[PDB]
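K.L.:
Pasting an experimental structure with its sequence.
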Amino acid sequence: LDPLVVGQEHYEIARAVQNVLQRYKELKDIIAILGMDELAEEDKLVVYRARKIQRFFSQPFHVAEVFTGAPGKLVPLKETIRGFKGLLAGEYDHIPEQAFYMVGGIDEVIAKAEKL
Amino acid sequence: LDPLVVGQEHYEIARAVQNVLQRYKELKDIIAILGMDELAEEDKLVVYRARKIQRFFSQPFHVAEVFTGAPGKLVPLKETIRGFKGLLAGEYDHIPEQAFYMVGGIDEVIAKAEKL
Amino acid sequence: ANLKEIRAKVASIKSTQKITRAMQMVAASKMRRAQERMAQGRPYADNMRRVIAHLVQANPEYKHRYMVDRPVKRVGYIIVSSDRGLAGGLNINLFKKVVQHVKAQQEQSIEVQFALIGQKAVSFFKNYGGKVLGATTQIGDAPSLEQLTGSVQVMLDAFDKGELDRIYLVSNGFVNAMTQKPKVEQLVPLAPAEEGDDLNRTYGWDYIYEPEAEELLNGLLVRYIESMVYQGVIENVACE
Amino acid sequence: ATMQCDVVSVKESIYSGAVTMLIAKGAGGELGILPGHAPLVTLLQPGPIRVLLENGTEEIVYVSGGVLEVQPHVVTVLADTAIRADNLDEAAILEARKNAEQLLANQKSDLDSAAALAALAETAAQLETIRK
Amino acid sequence: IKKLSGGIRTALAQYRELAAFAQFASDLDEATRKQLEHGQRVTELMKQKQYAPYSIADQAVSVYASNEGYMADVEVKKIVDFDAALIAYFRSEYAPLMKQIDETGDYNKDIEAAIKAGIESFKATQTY
Amino acid sequence: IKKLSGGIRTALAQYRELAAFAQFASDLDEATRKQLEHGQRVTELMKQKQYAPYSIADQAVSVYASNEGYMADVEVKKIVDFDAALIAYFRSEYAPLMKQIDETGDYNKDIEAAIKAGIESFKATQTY
């Protein structure tokens, strides 16, 4: 993972994702002791984005249909990049975080969000 | 630092200085986010005295030939005691704070204040 | 993972818990004080409402402009909030309700102006933006009315030119010691209701005033408005 | 003939007593009202009230402006600015009480800032360091 | 000693309960403020320098003065010195009693009247 | 370097202290706000890519730009872009000076004036 081998956009996307997740993990403690209202609005946005990102990393498998009864899925790499760029951009903020679970590709998520 | 071996006056003045320093440490201007404008002459004077004592800790030395003409000041113990008594009593509240830095002795600091 | 780290953490948490419990007891003691103060002028505003009822009863032919609505426009929202944090969600809930209702007029595109009393209110309104015509801070647990006469006075002076349409007051309502509600109301128009006292047994002779009753209500009306805004702000302080 | 007198300020009660007669100086010069006089509502001025009783104590309360409704049934006064201090220009105590309240506000703000911020940030940032 | 130690023990326990209020502004319902003042003075009473063993008689006098609250009026910052002064006066003026309290330790009701009278005399006349 | 490192050292040291009160920006005086801002800017200038060693002149110019408050108008982001653009421009147009700074490593009023003039020239009439 360095800009020469994989490119520039790949590196920027990965770095921003890791930064956001680290920020949320650090923030967890004051939430644990005090509560939610005290944090800054930007930190609330970081919390929601981190939750959505943590869910979007989930994906059903081909060899795990038996456990869950759901068919397997496959995602091309460019679709992963596009979905994460859109998520970090802020255009998928209004979509409920319950639609990001066990669905592959940004589009399936739109369909699931409409389904709810 | 027993009262008997060092003298009652030395013991009480050392205890008073320690208490002033500890009071200033617990009442930091960052500990109180409002900073200054609190406890006028109640804890303000404590802050000023802490600053003055902190500067008076500084002692020029012979070895440090920079800015110093081989001073080698071995200050008489009394002089220090009487200067700290005067500072505690408040007779030095008019002396500029920066005059208390790099001072050889209480007389020295008197001269440094009176020149300008 | 060091043992001393855990020991330091537990000691610090113990001390913090003790001081927070002490602060909770302090806040419990302070709670009633304001409850009492409210009960003090509560009869005042109650007898004041009885007064304003008598005030509207006067000058039957004359009509004051405070009892009509001009084309809905120039909405003005007065915000009262804490000057310090750690008030739970009360500040954020009140501000969220404020912004959501601001969309309402914003929905039919009604111009929105706001005034603030709280420090968190001024911080929020500066971060959001816009221009504020009245800002106050450090009012106090029991602020004198003069501390707050300037804002309402300048607001009413601005409305006297007819530029504004009406003022939409915002404050919190204290139901019980555990329950509060962010409430938004309207104050500029006044309508009597259940004020039939002194009406079913009113004196036959007309109340003739040696002072001019034509203007006697005017000062009482402004007196009424300052009394009600003071009651609202002190109620919010008690709820805080 | 005694007369009850309930008159209070927006912030809190002002005075209440059994005063037999009163001569309002706010309006109409020295208008005398006695038990049995017709009810009347008038407008005060920045000057002290005049009321006298059998006990003879001169309850003189300075008020600046405000209105009043008086009747053998009740005597009421809107106390915008007013103190039970005996004579005009006696606010020094009032000023002292205002300064004391401001001092209490400063002390409570000090306690609030200290307790709310210093300790919580100390323990949270300590907890920010992971336990293991 | 057994009849007199209960007051000091309970006062110290109550003061230990109301701890954080010392750091905070003490403005509060009188009872709490009075308890805080008494706790401060009682914990100040416990100060003692080195190589000066107090006897049983002056111990009893000091503890009785504390329990009865004769040291409430005196400023806290000056309590300890005041303490010493009292013992001195009591030591010389009322010496015959001290030969009895130390040797027997009885708490016949009279011992209490004499201690109270001496305390009143010292408070009225002498100065610290 | 010895002359210039002190300002950044003290700014970073102070920014370490006000760290706990970082989730609570609204409750503080303007002085702490400015100090926190300066500390953030300084800690963001200390980020550099791998296999890209800077030369003594690069560090000198960057530190002088930081200390003299020439980055108070730029937001917390884009700091790296500003640093790179300034360094690149200074190598291209003021190369004769850069060489003198590299070879000698001296500090004098002429060098201060030249660095100030160059930074002022780059601050305008250029993009990041």
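P.N.:
Sure thing, it's come through. Numbers count the residues shown, from 1 in each chain, chains lettered A, B, ... in the order given.
K.L.:
Now for residue E:67, how many residues are close by?
P.N.:
19 (other CB atoms under 10 Å in any protein chain shown). Every residue, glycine included, has its C-beta placed from N, CA and C.
K.L.:
Phi first, then psi, for it.
P.N.:
When quoted as degrees, to the nearest 10, the phi and psi of residue E:67 stand at phi -60, psi -40.
K.L.:
Regarding the residue nearest to it when sequence neighbours are not counted, which helix or strand does it belong to?
P.N.:
Closest residue to residue E:67 apart from its sequence neighbours, by CB to CB, 6 or more residues apart in numbering or on different chains: residue E:7 at 3.9 Å. Using DSSP states H and E, residue E:7 maps to helix E:2-17.
K.L.:
Break chain C into its domains for me.
P.N.:
Residue ranges for each domain of chain C read C:1-59+C:208-240, C:60-207, as given by CATH domains of a matching chain.
K.L.:
Helices of chain C, residue ranges please.
P.N.:
C:3-57, C:90-107, C:119-128, C:145-160, C:213-239 (DSSP state H).
K.L.:
among the ones you listed, which is nearest chain B?
P.N.:
The closest approach between chain B and any of the helices of chain C, judged by CB to the nearest CB, belongs to helix C:119-128 at 12.0 Å.
K.L.:
Contacts for the closest one next, please.
P.N.:
Residues external to helix C:119-128 that are found in contact with it (CB atoms under 8 Å, 6 or more residues apart in numbering or on different chains): C:79-85, C:91, C:95, C:114, C:116, C:132, C:135, C:137-138, F:26.
K.L.:
Can you say which of the residues you listed are buried?
P.N.:
Among the contacts of helix C:119-128, those scoring as buried are C:79, C:80, C:81, C:82, C:83, C:84, C:85, C:91, C:95, C:114, C:116, C:135 (criterion: 16 or more other CB atoms under 10 Å in any protein chain shown).
K.L.:
Next, format the residues you listed as a markdown table and append distance to chain E.
P.N.:
Putting the buried ones among the contacts of helix C:119-128 into a markdown table (distance: CB to the nearest CB, whole Å) gives the following:
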| residue | distance to chain E |
| --- | --- |
| C:79 | 29 |
| C:80 | 25 |
| C:81 | 24 |
| C:82 | 19 |
| C:83 | 18 |
| C:84 | 15 |
| C:85 | 18 |
| C:91 | 24 |
| C:95 | 30 |
| C:114 | 35 |
| C:116 | 28 |
| C:135 | 29 |
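K.L.:
what's the distance between residue D:122 and residue E:18?
P.N.:
Between residue D:122 and residue E:18 the distance, using CB to CB, to the nearest Å, works out to 23 Å.
K.L.:
what's around residue C:121, how many residues?
P.N.:
If we define neighbours as other CB under 10 Å, then residue C:121 has 27 of them.
K.L.:
oh sorry, the question was meant for residue D:16
P.N.:
Applying the criterion other CB under 10 Å, we find 12 residues in the vicinity of residue D:16.
K.L.:
The top helix by length along chain D vs helix C:3-57, what angle?
P.N.:
Assignment by DSSP H gives helix D:92-113 as the longest helix of chain D. Helix D:92-113 runs at 140 degrees relative to helix C:3-57, counting by axes from the mean of the first three to the mean of the last three CA atoms, to 10 degrees.
K.L.:
Would you mark the buried spots in helix D:92-113?
P.N.:
Applying a neighbour-count criterion of 16+ other CB under 10 Å, the buried positions in helix D:92-113 are D:105, D:108, D:109, D:110, D:111, D:112, D:113.
K.L.:
again with stretch C:36-51
P.N.:
Neighbour counts using 16+ other CB under 10 Å place C:37, C:38, C:41, C:44, C:45, C:47, C:48, C:49, C:51 of stretch C:36-51 among the buried residues.
K.L.:
Same question for stretch D:39-53.
P.N.:
The neighbour-count criterion (16+ other CB under 10 Å) identifies D:40, D:41, D:42, D:43, D:44, D:48, D:49, D:50, D:51, D:53 as the buried residues of stretch D:39-53.
K.L.:
For the closest residue to the fifth one other than its chain neighbours, give me its contacts.
P.N.:
Spatial nearest neighbour of residue D:44, chain neighbours left out: residue D:26 (3.2 Å); criterion: CB to CB, 6+ apart. Counting by CB under 8 Å, 6+ apart, residue D:26 touches D:42, D:43, D:44, D:45, D:47, D:49, D:63, D:66, D:68.
K.L.:
Phi first, then psi, for residue D:26.
P.N.:
Residue D:26 has phi and psi values of phi -70, psi -40 when expressed as degrees, to the nearest 10.
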